[PDB]
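Shown next as structure tokens: one chain only, the form deposited in one PDB entry.
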């Protein structure tokens, strides 16, 4: 069937991807698995999926993996480091690359796949949040097919016409009858919290999403709507959408995953169970479909679906991200990096919930960097913004 390289195989998206292959063993052959330090999970994945190669970024991890696969009788070839990860993404016989490495580390392996003209199942945030200009230029150049894995972008992609789906990132929305892209977001645990009380919210309260169970960092991004601000940046790049072609809508139940408004009045949407195997199986099978293991959405067991307009006084981070987009990749890169710093400080009880947006803004004000021209330039902006942000945190706590 299709030959896959999975970048970040041991993480949450990687495991979900492998479950899709598990459900479809005649449609997908795992050629290469790439991870960072989780040797234990990597051994089990090598023993199940029989890849030609397994790469650990960490050298000690690669050495341990080799000894365990040997002890277990597997002939999977073990590589290490970043060049090896890029080589797997670029293998002549692979069809699809699941781009699921977390952070700036996912950037060069992702680009290797784009440069090799692969089908990219895109689930690394930094690719378009930080490198949207560079990566979209590179996709046009190699004719790589991007297929977004993130639930919102995937929902938009499924609700978009064929000429846009082929040509993703270069097609013209208006020419294809599209008025706007409707990005939906839960609004987080503090949708109805009095504004006064936001300053005193605790990490446990911020991470206590009534509709989720997720990592703490992304839980907090959901409470601030920084997570939607970042998807807004990705969406503008992915779908070639101007600011007037984007709408952000609060949808508390998260049943509708996002939508697309058309010239005749029609709105197309994707709905489903909250399970990343759906969007992953969509991207792996496109333009066809496969079983993902996800059960059919039961419309008789739903909460009523509601929508509201986001209030920028309640979600300053959402506005910041929209503004940062206008200023360029140095600003979006800086916002992303600042935000990692400030959220981790919030979680470590070094700053208040409301300090996240105020410090993110403060970093952006302090910076003026010029437009990145390559991945080294973005990495440099990211590194600088983190330092600015860590000093801002220390100031507040001191």
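Between two forms, the rigid core is defined as the largest C-alpha subset superposing within 1.5 Å. Numbering follows the first chain given and starts at 1.
Missing-residue comparison: residue 96 falls in the unmodelled set for none of the other PDB entries checked, so it is not missing from a third of them.
Compared against other deposited entries of this protein, residue 211 counts as often unmodelled, lacking coordinates in at least a third of those that resolve the residues around it. When the C-alpha B-factors of 9-17 and 385-393 are averaged, 385-393 comes out higher. Averaged over Cα atoms, the B-factor as recorded in the entry is higher for 166-174 than for the other of 166-174 and 95-103. Take 313, 126, 298, 221 and read off each C-alpha B-factor from the entry; 313 has the highest. Of all the options 46, 32, 60, 331, the entry's greatest CA B-factor is assigned to 60.
The entry lists a Cα temperature factor for residue 372 that places it in the highest third of the chain's modelled residues. When the CA B factors of the chain's modelled residues are split into thirds, the value for residue 217 lands in the highest one. Looking at the C-alpha B-factors along this chain, the one for residue 269 belongs to the lowest third. Sort the chain's modelled residues by C-alpha temperature factor and residue 226 lands in the lowest third, per the entry. Annotation for residue 245: C-alpha temperature factor in the middle third relative to the rest of the modelled chain, per the entry.
Just so it is clear, the following notes concern the form deposited in another entry, a form of the same protein that is not shown.
Candidate set 213, 141, 244, 288; criterion, C-alpha shift of 2 Å or more between the shown form and the other one after rigid-core fit; matching residue, 213. Remark: with the core as the superposition reference, the CA shift of residue 28 between the shown form and the other one stays below 2 Å. Residue 315 shows a C-alpha shift of 2 Å or greater between the shown form and the other one [criterion: core-superposed Cα displacement of 2 Å]. Once the cores line up, the CA of residue 180 ends up less than 2 angstroms apart between the shown form and the other one.
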